file query.pdb (PDB, C-alpha atoms)
MODEL        1
ATOM      1  CA  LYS A   1       0.000   0.000   0.000
ATOM      2  CA  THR A   2       1.700   3.161  -1.271
ATOM      3  CA  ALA A   3       0.714   6.539  -2.689
ATOM      4  CA  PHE A   4       2.142   8.831  -5.365
ATOM      5  CA  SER A   5       3.224  11.530  -2.920
ATOM      6  CA  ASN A   6       6.510  13.317  -2.343
ATOM      7  CA  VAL A   7       9.013  11.554  -0.098
ATOM      8  CA  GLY A   8      10.271  14.832   1.380
ATOM      9  CA  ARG A   9      13.773  16.062   2.110
ATOM     10  CA  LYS A  10      14.720  12.850   3.970
ATOM     11  CA  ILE A  11      16.181  10.160   1.704
ATOM     12  CA  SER A  12      16.930   6.730   3.155
ATOM     13  CA  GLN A  13      19.403   5.580   0.484
ATOM     14  CA  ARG A  14      22.613   7.460  -0.273
ATOM     15  CA  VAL A  15      22.658   6.633  -4.009
ATOM     16  CA  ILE A  16      19.580   7.270  -6.165
ATOM     17  CA  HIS A  17      18.997   6.959  -9.910
ATOM     18  CA  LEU A  18      17.433  10.395 -10.256
ATOM     19  CA  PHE A  19      15.109  11.229 -13.149
ATOM     20  CA  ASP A  20      14.339  14.642 -14.600
ATOM     21  CA  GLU A  21      10.881  16.196 -14.533
ATOM     22  CA  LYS A  22      10.700  15.940 -18.333
ATOM     23  CA  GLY A  23      11.746  12.274 -18.250
ATOM     24  CA  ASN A  24      15.447  12.840 -18.912
ATOM     25  CA  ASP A  25      17.783  10.447 -17.092
ATOM     26  CA  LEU A  26      20.030  12.557 -14.874
ATOM     27  CA  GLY A  27      21.901   9.467 -13.692
ATOM     28  CA  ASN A  28      22.970   8.182 -10.301
ATOM     29  CA  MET A  29      23.994  10.963  -7.921
ATOM     30  CA  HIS A  30      24.745  11.420  -4.237
ATOM     31  CA  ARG A  31      21.881  11.848  -1.782
ATOM     32  CA  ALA A  32      23.029  15.340  -0.794
ATOM     33  CA  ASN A  33      23.183  16.340  -4.462
ATOM     34  CA  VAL A  34      19.536  15.306  -4.887
ATOM     35  CA  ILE A  35      18.293  17.941  -2.435
ATOM     36  CA  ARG A  36      20.151  20.697  -4.297
ATOM     37  CA  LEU A  37      17.925  20.120  -7.328
ATOM     38  CA  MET A  38      14.788  20.204  -5.164
ATOM     39  CA  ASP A  39      15.579  23.773  -4.065
ATOM     40  CA  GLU A  40      17.241  25.058  -7.237
ATOM     41  CA  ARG A  41      13.999  24.401  -9.145
ATOM     42  CA  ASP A  42      11.522  24.015  -6.241
ATOM     43  CA  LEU A  43      10.479  20.486  -7.176
ATOM     44  CA  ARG A  44       9.412  17.380  -5.254
ATOM     45  CA  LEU A  45      10.808  13.857  -5.706
ATOM     46  CA  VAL A  46       8.521  10.818  -6.000
ATOM     47  CA  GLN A  47       9.656   7.184  -6.124
ATOM     48  CA  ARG A  48       8.387   5.853  -9.449
ATOM     49  CA  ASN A  49       9.578   2.231  -9.100
ATOM     50  CA  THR A  50      10.515   0.618  -5.787
ATOM     51  CA  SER A  51      11.024  -2.830  -7.322
ATOM     52  CA  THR A  52      14.241  -1.959  -9.157
ATOM     53  CA  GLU A  53      17.347  -2.652  -7.096
ATOM     54  CA  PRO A  54      18.893   0.762  -7.917
ATOM     55  CA  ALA A  55      16.799   3.463  -6.300
ATOM     56  CA  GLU A  56      14.659   5.295  -8.851
ATOM     57  CA  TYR A  57      13.186   8.716  -8.094
ATOM     58  CA  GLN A  58      11.611  11.294 -10.401
ATOM     59  CA  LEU A  59      11.285  14.958  -9.434
ATOM     60  CA  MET A  60       8.160  16.733 -10.685
ATOM     61  CA  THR A  61       5.982  19.710  -9.834
ATOM     62  CA  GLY A  62       3.081  19.453  -7.417
ATOM     63  CA  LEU A  63       0.598  19.628 -10.283
ATOM     64  CA  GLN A  64       2.455  16.754 -11.938
ATOM     65  CA  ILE A  65       2.106  14.705  -8.741
ATOM     66  CA  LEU A  66      -1.664  15.236  -8.758
ATOM     67  CA  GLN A  67      -2.241  14.312 -12.401
ATOM     68  CA  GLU A  68      -0.390  11.012 -11.989
ATOM     69  CA  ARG A  69      -2.499   9.538  -9.192
ATOM     70  CA  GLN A  70      -5.601  11.213 -10.626
ATOM     71  CA  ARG A  71      -5.172   8.673 -13.440
ATOM     72  CA  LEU A  72      -4.495   5.792 -11.048
ATOM     73  CA  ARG A  73      -7.905   6.655  -9.576
ATOM     74  CA  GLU A  74      -9.484   5.838 -12.961
ATOM     75  CA  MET A  75      -7.390   2.853 -14.071
ATOM     76  CA  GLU A  76      -8.444   0.932 -10.960
ATOM     77  CA  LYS A  77     -12.024   2.172 -11.309
ATOM     78  CA  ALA A  78     -12.128   1.216 -14.993
ATOM     79  CA  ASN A  79     -10.185  -2.048 -14.534
ATOM     80  CA  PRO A  80     -10.059  -3.019 -10.849
ATOM     81  CA  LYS A  81      -7.762  -5.964 -10.105
ATOM     82  CA  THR A  82      -8.355  -7.045  -6.499
ATOM     83  CA  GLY A  83      -7.626 -10.754  -6.227
ATOM     84  CA  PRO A  84      -6.547 -11.375  -2.611
ATOM     85  CA  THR A  85      -8.401 -14.227  -0.927
ATOM     86  CA  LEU A  86      -9.087 -14.142   2.793
ATOM     87  CA  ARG A  87      -8.644 -17.374   4.732
ATOM     88  CA  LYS A  88     -11.161 -18.429   7.378
ATOM     89  CA  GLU A  89     -10.788 -21.078  10.065
ATOM     90  CA  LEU A  90     -13.229 -23.302  11.928
ATOM     91  CA  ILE A  91     -12.480 -25.801  14.693
ATOM     92  CA  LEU A  92     -15.302 -28.298  15.206
ATOM     93  CA  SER A  93     -15.694 -31.291  17.500
ATOM     94  CA  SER A  94     -16.694 -34.803  16.464
ATOM     95  CA  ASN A  95     -19.596 -34.672  18.941
ATOM     96  CA  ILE A  96     -20.824 -31.274  17.734
ATOM     97  CA  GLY A  97     -24.592 -31.088  17.969
ATOM     98  CA  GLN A  98     -26.555 -30.952  14.743
ATOM     99  CA  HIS A  99     -28.072 -27.547  15.522
ATOM    100  CA  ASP A 100     -24.610 -26.053  15.980
ATOM    101  CA  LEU A 101     -23.519 -27.873  12.820
ATOM    102  CA  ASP A 102     -26.346 -26.276  10.835
ATOM    103  CA  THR A 103     -25.443 -22.808  12.101
ATOM    104  CA  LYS A 104     -21.746 -23.253  11.344
ATOM    105  CA  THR A 105     -22.646 -24.869   8.019
ATOM    106  CA  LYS A 106     -24.581 -21.746   7.020
ATOM    107  CA  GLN A 107     -21.618 -19.561   7.965
ATOM    108  CA  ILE A 108     -19.498 -21.455   5.437
ATOM    109  CA  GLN A 109     -22.075 -20.745   2.730
ATOM    110  CA  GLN A 110     -21.566 -17.010   3.198
ATOM    111  CA  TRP A 111     -17.787 -17.405   3.034
ATOM    112  CA  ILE A 112     -17.918 -19.557  -0.099
ATOM    113  CA  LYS A 113     -20.210 -16.991  -1.707
ATOM    114  CA  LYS A 114     -17.627 -14.262  -1.011
ATOM    115  CA  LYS A 115     -14.868 -16.366  -2.626
ATOM    116  CA  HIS A 116     -13.096 -17.034   0.670
ATOM    117  CA  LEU A 117     -11.014 -20.042   1.695
ATOM    118  CA  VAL A 118     -12.442 -22.069   4.574
ATOM    119  CA  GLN A 119     -10.008 -24.079   6.679
ATOM    120  CA  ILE A 120     -12.070 -26.628   8.613
ATOM    121  CA  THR A 121     -10.568 -28.579  11.503
ATOM    122  CA  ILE A 122     -12.178 -31.424  13.448
ATOM    123  CA  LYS A 123     -10.976 -32.697  16.820
ATOM    124  CA  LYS A 124     -11.761 -35.675  19.010
ATOM    125  CA  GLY A 125     -14.831 -34.949  21.093
ATOM    126  CA  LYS A 126     -14.513 -34.477  24.829
ATOM    127  CA  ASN A 127     -14.062 -37.901  26.446
ATOM    128  CA  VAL A 128     -15.396 -39.528  23.278
ATOM    129  CA  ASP A 129     -13.682 -42.362  21.407
ATOM    130  CA  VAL A 130     -14.073 -42.171  17.628
ATOM    131  CA  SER A 131     -12.094 -43.143  14.538
ATOM    132  CA  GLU A 132     -11.678 -41.323  11.211
ATOM    133  CA  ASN A 133     -14.583 -43.169   9.569
ATOM    134  CA  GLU A 134     -17.358 -40.977  10.992
ATOM    135  CA  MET A 135     -15.043 -38.062  11.814
ATOM    136  CA  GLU A 136     -14.384 -37.555   8.091
ATOM    137  CA  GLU A 137     -18.088 -37.950   7.234
ATOM    138  CA  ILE A 138     -18.849 -34.396   8.363
ATOM    139  CA  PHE A 139     -16.942 -32.829   5.465
ATOM    140  CA  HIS A 140     -18.993 -34.842   2.975
ATOM    141  CA  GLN A 141     -22.055 -33.847   5.004
ATOM    142  CA  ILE A 142     -21.108 -30.162   4.875
ATOM    143  CA  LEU A 143     -20.117 -30.170   1.207
ATOM    144  CA  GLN A 144     -23.368 -31.859   0.188
ATOM    145  CA  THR A 145     -25.244 -28.739   1.291
ATOM    146  CA  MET A 146     -23.184 -26.887  -1.330
ATOM    147  CA  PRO A 147     -23.345 -29.214  -4.356
ATOM    148  CA  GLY A 148     -22.190 -26.928  -7.143
ATOM    149  CA  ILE A 149     -21.177 -23.883  -5.114
ATOM    150  CA  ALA A 150     -18.261 -25.518  -3.286
ATOM    151  CA  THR A 151     -15.606 -28.143  -3.933
ATOM    152  CA  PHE A 152     -12.567 -29.443  -2.086
ATOM    153  CA  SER A 153      -9.260 -27.627  -2.505
ATOM    154  CA  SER A 154      -7.253 -29.811  -0.124
ATOM    155  CA  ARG A 155      -8.288 -33.144   1.363
ATOM    156  CA  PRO A 156      -8.529 -34.523   4.908
ATOM    157  CA  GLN A 157      -5.145 -35.120   6.531
ATOM    158  CA  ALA A 158      -3.806 -36.221   9.913
ATOM    159  CA  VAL A 159      -2.437 -32.825  10.895
ATOM    160  CA  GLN A 160      -1.665 -33.764  14.510
ATOM    161  CA  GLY A 161      -0.926 -37.486  14.639
ATOM    162  CA  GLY A 162      -4.451 -38.430  13.586
ATOM    163  CA  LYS A 163      -6.374 -36.809  16.446
ATOM    164  CA  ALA A 164      -7.473 -33.943  14.179
ATOM    165  CA  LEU A 165      -8.482 -33.630  10.525
ATOM    166  CA  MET A 166      -8.066 -30.499   8.391
ATOM    167  CA  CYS A 167      -9.595 -29.674   5.006
ATOM    168  CA  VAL A 168      -9.887 -26.583   2.814
ATOM    169  CA  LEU A 169     -12.915 -25.565   0.753
ATOM    170  CA  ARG A 170     -13.261 -23.101  -2.108
ATOM    171  CA  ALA A 171     -15.890 -21.578  -4.342
ATOM    172  CA  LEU A 172     -16.320 -23.558  -7.538
ATOM    173  CA  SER A 173     -14.431 -22.032 -10.447
ATOM    174  CA  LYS A 174     -16.413 -20.695 -13.403
ATOM    175  CA  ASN A 175     -15.106 -23.391 -15.746
ATOM    176  CA  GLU A 176     -15.704 -26.117 -13.158
ATOM    177  CA  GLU A 177     -19.186 -24.698 -12.561
ATOM    178  CA  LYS A 178     -20.073 -24.994 -16.248
ATOM    179  CA  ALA A 179     -18.919 -28.617 -16.151
ATOM    180  CA  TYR A 180     -21.143 -29.318 -13.144
ATOM    181  CA  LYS A 181     -24.081 -27.594 -14.846
ATOM    182  CA  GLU A 182     -23.572 -29.564 -18.061
ATOM    183  CA  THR A 183     -23.548 -32.859 -16.153
ATOM    184  CA  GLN A 184     -26.740 -32.043 -14.244
ATOM    185  CA  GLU A 185     -28.807 -31.414 -17.380
ATOM    186  CA  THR A 186     -27.973 -34.753 -19.016
ATOM    187  CA  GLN A 187     -29.045 -36.876 -16.042
ATOM    188  CA  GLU A 188     -32.636 -35.583 -15.922
ATOM    189  CA  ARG A 189     -33.438 -33.965 -19.278
ATOM    190  CA  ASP A 190     -32.040 -36.760 -21.455
ATOM    191  CA  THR A 191     -33.836 -39.456 -19.439
TER     192      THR A 191
ATOM    193  CA  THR B   1       7.501  53.050  28.272
ATOM    194  CA  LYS B   2       6.549  49.694  29.792
ATOM    195  CA  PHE B   3       5.602  46.433  28.044
ATOM    196  CA  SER B   4       1.993  45.290  27.744
ATOM    197  CA  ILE B   5       0.880  41.844  26.603
ATOM    198  CA  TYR B   6      -2.190  43.215  24.837
ATOM    199  CA  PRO B   7      -1.843  43.778  21.080
ATOM    200  CA  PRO B   8      -1.686  47.377  19.835
ATOM    201  CA  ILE B   9      -5.133  48.312  18.537
ATOM    202  CA  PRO B  10      -4.855  49.469  14.896
ATOM    203  CA  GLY B  11      -6.761  52.745  15.207
ATOM    204  CA  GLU B  12      -5.011  54.334  18.170
ATOM    205  CA  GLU B  13      -1.481  55.426  17.311
ATOM    206  CA  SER B  14       1.401  53.519  18.912
ATOM    207  CA  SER B  15       5.188  53.430  18.562
ATOM    208  CA  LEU B  16       5.717  49.657  18.257
ATOM    209  CA  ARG B  17       7.378  49.026  14.890
ATOM    210  CA  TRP B  18       8.997  45.913  13.427
ATOM    211  CA  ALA B  19      11.376  46.589  10.531
ATOM    212  CA  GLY B  20       9.492  49.824   9.959
ATOM    213  CA  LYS B  21       6.152  48.018   9.634
ATOM    214  CA  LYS B  22       3.048  48.329  11.773
ATOM    215  CA  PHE B  23       1.499  45.391  13.599
ATOM    216  CA  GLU B  24      -1.289  45.224  11.010
ATOM    217  CA  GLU B  25       1.168  44.821   8.126
ATOM    218  CA  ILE B  26       3.122  41.948   9.707
ATOM    219  CA  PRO B  27       2.457  38.607   7.959
ATOM    220  CA  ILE B  28       0.390  35.940   9.681
ATOM    221  CA  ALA B  29       1.262  32.273  10.256
ATOM    222  CA  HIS B  30      -1.949  30.233  10.406
ATOM    223  CA  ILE B  31      -1.280  26.932  12.189
ATOM    224  CA  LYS B  32      -4.005  24.274  12.318
ATOM    225  CA  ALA B  33      -2.777  21.762  14.895
ATOM    226  CA  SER B  34      -5.076  18.787  14.415
ATOM    227  CA  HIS B  35      -4.788  15.380  16.080
ATOM    228  CA  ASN B  36      -3.411  13.519  13.048
ATOM    229  CA  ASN B  37      -1.823  16.349  11.032
ATOM    230  CA  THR B  38      -0.478  19.886  11.287
ATOM    231  CA  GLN B  39      -0.869  22.302   8.373
ATOM    232  CA  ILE B  40       0.968  25.628   8.295
ATOM    233  CA  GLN B  41       0.218  28.516   5.941
ATOM    234  CA  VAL B  42       1.897  31.925   6.014
ATOM    235  CA  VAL B  43      -0.082  34.878   4.670
ATOM    236  CA  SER B  44       0.463  38.602   4.333
ATOM    237  CA  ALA B  45      -1.641  41.431   5.744
ATOM    238  CA  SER B  46      -3.678  41.467   2.511
ATOM    239  CA  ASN B  47      -4.356  37.708   2.646
ATOM    240  CA  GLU B  48      -1.866  36.656  -0.025
ATOM    241  CA  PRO B  49      -0.574  33.061   0.281
ATOM    242  CA  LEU B  50       3.211  33.025   0.562
ATOM    243  CA  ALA B  51       4.023  29.531   1.850
ATOM    244  CA  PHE B  52       2.226  26.317   2.762
ATOM    245  CA  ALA B  53       3.630  23.262   4.510
ATOM    246  CA  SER B  54       2.247  20.247   6.330
ATOM    247  CA  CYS B  55       3.428  16.932   7.700
ATOM    248  CA  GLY B  56       1.975  15.198   4.655
ATOM    249  CA  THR B  57       3.801  17.485   2.234
ATOM    250  CA  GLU B  58       7.073  16.737   4.055
ATOM    251  CA  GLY B  59       6.886  13.002   3.376
ATOM    252  CA  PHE B  60       5.157  11.657   6.491
ATOM    253  CA  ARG B  61       2.488   8.964   6.461
ATOM    254  CA  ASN B  62      -0.358   7.848   8.702
ATOM    255  CA  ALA B  63       0.619   8.106  12.382
ATOM    256  CA  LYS B  64       3.943   9.886  11.881
ATOM    257  CA  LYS B  65       2.079  13.100  11.045
ATOM    258  CA  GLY B  66       0.632  13.316  14.555
ATOM    259  CA  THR B  67       4.003  13.783  16.225
ATOM    260  CA  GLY B  68       5.982  16.768  17.432
ATOM    261  CA  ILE B  69       8.851  16.162  15.022
ATOM    262  CA  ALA B  70       6.630  16.290  11.937
ATOM    263  CA  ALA B  71       5.174  19.647  12.964
ATOM    264  CA  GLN B  72       8.664  21.027  13.568
ATOM    265  CA  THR B  73       9.746  19.734  10.166
ATOM    266  CA  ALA B  74       6.743  21.461   8.598
ATOM    267  CA  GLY B  75       7.660  24.751  10.253
ATOM    268  CA  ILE B  76      11.182  24.656   8.850
ATOM    269  CA  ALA B  77       9.743  23.953   5.399
ATOM    270  CA  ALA B  78       7.407  26.956   5.631
ATOM    271  CA  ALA B  79       9.999  29.219   7.271
ATOM    272  CA  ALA B  80      12.404  28.500   4.402
ATOM    273  CA  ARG B  81       9.921  29.248   1.605
ATOM    274  CA  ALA B  82       8.699  32.499   3.174
ATOM    275  CA  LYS B  83      12.172  33.778   4.063
ATOM    276  CA  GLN B  84      12.974  33.938   0.346
ATOM    277  CA  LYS B  85      10.034  36.325  -0.151
ATOM    278  CA  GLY B  86      11.220  38.753   2.526
ATOM    279  CA  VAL B  87       9.445  37.479   5.654
ATOM    280  CA  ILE B  88      11.126  37.791   9.060
ATOM    281  CA  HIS B  89       8.486  38.815  11.621
ATOM    282  CA  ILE B  90       5.187  36.926  11.805
ATOM    283  CA  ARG B  91       2.009  36.775  13.869
ATOM    284  CA  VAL B  92       1.229  33.227  14.971
ATOM    285  CA  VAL B  93      -2.448  32.224  14.950
ATOM    286  CA  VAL B  94      -2.626  28.704  16.363
ATOM    287  CA  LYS B  95      -5.843  26.732  15.835
ATOM    288  CA  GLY B  96      -6.213  23.408  17.625
ATOM    289  CA  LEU B  97      -4.950  21.465  20.629
ATOM    290  CA  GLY B  98      -2.921  18.956  18.658
ATOM    291  CA  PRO B  99       0.561  17.625  19.287
ATOM    292  CA  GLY B 100       2.082  20.036  16.782
ATOM    293  CA  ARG B 101       0.625  23.106  18.438
ATOM    294  CA  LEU B 102       3.874  24.343  20.006
ATOM    295  CA  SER B 103       6.367  22.239  18.040
ATOM    296  CA  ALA B 104       5.482  24.036  14.813
ATOM    297  CA  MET B 105       6.139  27.353  16.536
ATOM    298  CA  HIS B 106       9.670  26.181  17.308
ATOM    299  CA  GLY B 107      10.159  25.064  13.716
ATOM    300  CA  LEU B 108       9.252  28.523  12.460
ATOM    301  CA  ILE B 109      11.979  29.950  14.697
ATOM    302  CA  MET B 110      14.456  27.407  13.290
ATOM    303  CA  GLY B 111      13.948  28.922   9.838
ATOM    304  CA  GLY B 112      14.889  32.488  10.713
ATOM    305  CA  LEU B 113      11.438  33.854  11.596
ATOM    306  CA  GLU B 114      10.786  35.906  14.733
ATOM    307  CA  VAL B 115       7.449  35.454  16.499
ATOM    308  CA  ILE B 116       6.030  38.699  17.885
ATOM    309  CA  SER B 117       2.623  37.410  19.041
ATOM    310  CA  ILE B 118       0.721  34.196  19.728
ATOM    311  CA  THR B 119      -2.972  34.148  18.827
ATOM    312  CA  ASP B 120      -5.362  31.295  19.624
ATOM    313  CA  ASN B 121      -8.371  30.816  17.342
ATOM    314  CA  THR B 122      -9.458  27.348  18.369
ATOM    315  CA  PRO B 123     -13.081  26.770  17.297
ATOM    316  CA  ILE B 124     -15.319  26.840  20.360
ATOM    317  CA  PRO B 125     -19.073  26.838  19.662
ATOM    318  CA  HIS B 126     -21.687  28.227  22.016
ATOM    319  CA  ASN B 127     -23.592  25.017  21.530
ATOM    320  CA  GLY B 128     -23.968  24.621  17.773
ATOM    321  CA  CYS B 129     -23.450  21.243  16.110
ATOM    322  CA  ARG B 130     -23.508  17.903  17.904
ATOM    323  CA  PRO B 131     -20.244  15.913  18.046
ATOM    324  CA  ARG B 132     -19.922  12.232  17.294
ATOM    325  CA  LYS B 133     -20.895   9.772  20.007
ATOM    326  CA  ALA B 134     -18.327   8.850  22.627
ATOM    327  CA  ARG B 135     -16.252   5.742  21.987
ATOM    328  CA  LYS B 136     -15.390   2.788  24.213
ATOM    329  CA  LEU B 137     -11.705   2.842  23.249
TER     330      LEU B 137
ENDMDL
END
call {"tool": "encode", "arguments": {"input": "query.pdb", "output": "C-alpha cells"}}
result
Amino acid sequence: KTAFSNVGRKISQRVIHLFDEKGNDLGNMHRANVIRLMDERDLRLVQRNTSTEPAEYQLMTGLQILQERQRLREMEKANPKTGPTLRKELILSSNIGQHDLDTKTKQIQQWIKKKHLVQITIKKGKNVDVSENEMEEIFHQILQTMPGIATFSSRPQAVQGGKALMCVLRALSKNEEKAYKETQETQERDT
Amino acid sequence: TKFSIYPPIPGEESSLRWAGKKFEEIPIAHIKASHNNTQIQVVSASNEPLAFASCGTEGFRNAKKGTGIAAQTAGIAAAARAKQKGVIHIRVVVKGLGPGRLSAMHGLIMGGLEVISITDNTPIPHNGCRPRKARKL
C-alpha cells in the first residue's frame, strides 16, 4: 500500500537513480546532491519504481504529482484488479450437535459466496472415542449442502498425529461450474 | 515606556514598529494543529498566500504526522519558503490542541522567523453542532 506523494527532504538511500521532470535520465547521484535540485527548481521527488534494485526517483511539480495519481484513480475504477483471498478457520468437535452444525454450516455458505477459503478442523470430542470413519463424514455432510457452489481444494489429513483432521474448501471455479451444470442437465433432461 | 501583553489596537497610534512596519502589516502564520496532522500557511496582511507546509507534504504517512517532530519539520519547510520572499516577523495564529501546536512554533523559529505574538483561534461553539458519540476505546 503506497501513494504517489513526495518523499520529502529525507532520503533513506545514499545513491539514487534520479530522473528529470521531463523524463530525462540525470543518472545516479549522491543523496546530498539530490536535495540541491529540489531547491534550485523548487520540485518534489517521487519514487516511481521501488522494485528496481537501484533506487529510482523522479522529481516533478506538485501539479504533476496530482495528475499522476488522478489517473491511477481511474485505471483501478475502470479495470479493478483485487484478487486477494481471505482465509477463514473453523475448529469443530466430532460430537458437535446438529443444531450447531447447521449454524456453522450456514456460515461457510456465506464465506464460499464471497470467494473465501475455509479451513475446517475437526478434533476428538470431549471424552469420546471415535475413529476417522465418521469423523471424516462431516466434510462430505457439509459439502453436500453446497453441491455446485463448493468443492474441495485440499483433502482430509492427519495434521496432529491423527487426532485432528483439516480440510480446505473453495468456491467452484467458473469453468468447473459450467462442467457441473452440463452434467446435471444430461441426467434428468435426457432421461 | 513599559511592556503590555495586549496587542496594539490598529486605530489608536502607537510606537511599536517591526522593521518599519506596523502590527497590522506583519504577515500571519496560520497553524491548524489537528490530532493527526499539522498544516501551516503563512499569509500577508492582505491575505496573499506566501508559503504552505504540512506533515503530509514533508513526506510523512499515517501516524507519523501526529508527532511533534513532523510539525517542527513542517515549520522549517514553511519558514524557508517564506524567508525567500522577505518574511522575518510573523504573527502566529494557532488553531487546535494537537501535538504540533507548540512544536510548529519552534520550527518557524528554526527557519529564521521571529514570532512577535501568539494568537489562539481554536473553534469553540456556544452550543452549535452535535459531536460524534463517545467511543469505548
call {"tool": "interface_residues", "arguments": {"input": "query.pdb", "of": "chain A", "to": "chain B", "cutoff": "8 Å", "atoms": "all atoms listed in the file", "output": "compact mmCIF listing (two decimals) with C-alpha atoms, in the frame of the given file"}}
result
# COMPACT_ATOMS: atom_id res chain seq x y z
CA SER A 5 3.22 11.53 -2.92
CA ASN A 6 6.51 13.32 -2.34
CA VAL A 7 9.01 11.55 -0.10
CA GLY A 8 10.27 14.83 1.38
CA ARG A 9 13.77 16.06 2.11
CA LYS A 10 14.72 12.85 3.97
call {"tool": "resolve_selection", "arguments": {"input": "query.pdb", "expression": "the PyMOL selection byres ((chain A and resi 135-137) around 10)", "output": "VMD selection string"}}
result
chain A and resid 93 to 95 122 to 125 130 to 134 138 to 142 156 to 157 163 to 167
call {"tool": "write_last_selection", "arguments": {"input": "query.pdb", "atoms": "C-alpha atoms", "output": "tab-separated table (two decimals), keeping the file's coordinate frame"}}
result
chain	number	residue	atom	x	y	z
A	93	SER	CA	-15.69	-31.29	17.50
A	94	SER	CA	-16.69	-34.80	16.46
A	95	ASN	CA	-19.60	-34.67	18.94
A	122	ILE	CA	-12.18	-31.42	13.45
A	123	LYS	CA	-10.98	-32.70	16.82
A	124	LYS	CA	-11.76	-35.67	19.01
A	125	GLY	CA	-14.83	-34.95	21.09
A	130	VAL	CA	-14.07	-42.17	17.63
A	131	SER	CA	-12.09	-43.14	14.54
A	132	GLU	CA	-11.68	-41.32	11.21
A	133	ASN	CA	-14.58	-43.17	9.57
A	134	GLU	CA	-17.36	-40.98	10.99
A	138	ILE	CA	-18.85	-34.40	8.36
A	139	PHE	CA	-16.94	-32.83	5.46
A	140	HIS	CA	-18.99	-34.84	2.98
A	141	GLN	CA	-22.06	-33.85	5.00
A	142	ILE	CA	-21.11	-30.16	4.88
A	156	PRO	CA	-8.53	-34.52	4.91
A	157	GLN	CA	-5.14	-35.12	6.53
A	163	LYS	CA	-6.37	-36.81	16.45
A	164	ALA	CA	-7.47	-33.94	14.18
A	165	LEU	CA	-8.48	-33.63	10.52
A	166	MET	CA	-8.07	-30.50	8.39
A	167	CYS	CA	-9.60	-29.67	5.01
call {"tool": "atom_distance", "arguments": {"input": "query.pdb", "atom1": "CA of residue 78 (chain B)", "atom2": "CA of residue 67 (chain A)"}}
result
24.0 Å
call {"tool": "resolve_selection", "arguments": {"input": "query.pdb", "expression": "the PyMOL selection byres ((chain B and resi 112-126) around 6)", "output": "JSON, numbers by chain"}}
result
{"B": [88, 89, 90, 91, 92, 93, 94, 95, 96, 108, 109, 110, 111, 127, 128]}
call {"tool": "residues_around", "arguments": {"input": "query.pdb", "residues": "residue 69 (chain B)", "least_positions_apart": "2", "cutoff": "12 Å", "atoms": "only C-alpha atoms", "output": "ChimeraX atom specification"}}
result
/B:37-38,54-55,58,60,63-67,71-76,99-107
call {"tool": "atom_distance", "arguments": {"input": "query.pdb", "atom1": "CA of residue 170 (chain A)", "atom2": "CA of residue 97 (chain A)"}}
result
24.4 Å
call {"tool": "decode", "arguments": {"input": "query.pdb", "residues": "region 80-94 of chain B", "atoms": "N, CA and C atoms", "output": "mmCIF file, in the first residue's frame"}}
result
data_model
loop_
_atom_site.group_PDB
_atom_site.id
_atom_site.type_symbol
_atom_site.label_atom_id
_atom_site.label_comp_id
_atom_site.auth_asym_id
_atom_site.auth_seq_id
_atom_site.Cartn_x
_atom_site.Cartn_y
_atom_site.Cartn_z
ATOM 1 N N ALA B 80 11.365 28.425 5.414
ATOM 2 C CA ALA B 80 12.404 28.500 4.402
ATOM 3 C C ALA B 80 11.863 28.951 3.056
ATOM 4 N N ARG B 81 10.564 28.779 2.823
ATOM 5 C CA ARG B 81 9.921 29.248 1.605
ATOM 6 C C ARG B 81 9.458 30.689 1.726
ATOM 7 N N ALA B 82 9.135 31.132 2.940
ATOM 8 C CA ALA B 82 8.699 32.499 3.174
ATOM 9 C C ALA B 82 9.854 33.449 3.436
ATOM 10 N N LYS B 83 11.013 32.930 3.837
ATOM 11 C CA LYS B 83 12.172 33.778 4.063
ATOM 12 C C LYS B 83 12.810 34.219 2.758
ATOM 13 N N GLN B 84 12.501 33.535 1.659
ATOM 14 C CA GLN B 84 12.974 33.938 0.346
ATOM 15 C C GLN B 84 12.106 35.025 -0.263
ATOM 16 N N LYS B 85 10.924 35.268 0.300
ATOM 17 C CA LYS B 85 10.034 36.325 -0.151
ATOM 18 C C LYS B 85 10.116 37.564 0.728
ATOM 19 N N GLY B 86 11.043 37.592 1.682
ATOM 20 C CA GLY B 86 11.220 38.753 2.526
ATOM 21 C C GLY B 86 10.407 38.754 3.797
ATOM 22 N N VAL B 87 10.213 37.598 4.422
ATOM 23 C CA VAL B 87 9.445 37.479 5.654
ATOM 24 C C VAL B 87 10.402 37.176 6.797
ATOM 25 N N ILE B 88 10.312 37.967 7.865
ATOM 26 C CA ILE B 88 11.126 37.791 9.060
ATOM 27 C C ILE B 88 10.261 37.744 10.314
ATOM 28 N N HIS B 89 9.377 38.723 10.474
ATOM 29 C CA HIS B 89 8.486 38.815 11.621
ATOM 30 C C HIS B 89 7.103 38.325 11.219
ATOM 31 N N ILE B 90 6.488 37.514 12.080
ATOM 32 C CA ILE B 90 5.187 36.926 11.805
ATOM 33 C C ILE B 90 4.308 37.002 13.043
ATOM 34 N N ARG B 91 3.006 36.869 12.814
ATOM 35 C CA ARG B 91 2.009 36.775 13.869
ATOM 36 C C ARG B 91 1.435 35.368 13.838
ATOM 37 N N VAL B 92 1.662 34.616 14.903
ATOM 38 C CA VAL B 92 1.229 33.227 14.971
ATOM 39 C C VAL B 92 -0.230 33.168 15.401
ATOM 40 N N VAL B 93 -1.034 32.423 14.650
ATOM 41 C CA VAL B 93 -2.448 32.224 14.950
ATOM 42 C C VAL B 93 -2.667 30.717 15.013
ATOM 43 N N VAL B 94 -2.497 30.144 16.195
ATOM 44 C CA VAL B 94 -2.626 28.704 16.363
ATOM 45 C C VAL B 94 -4.097 28.335 16.477
#
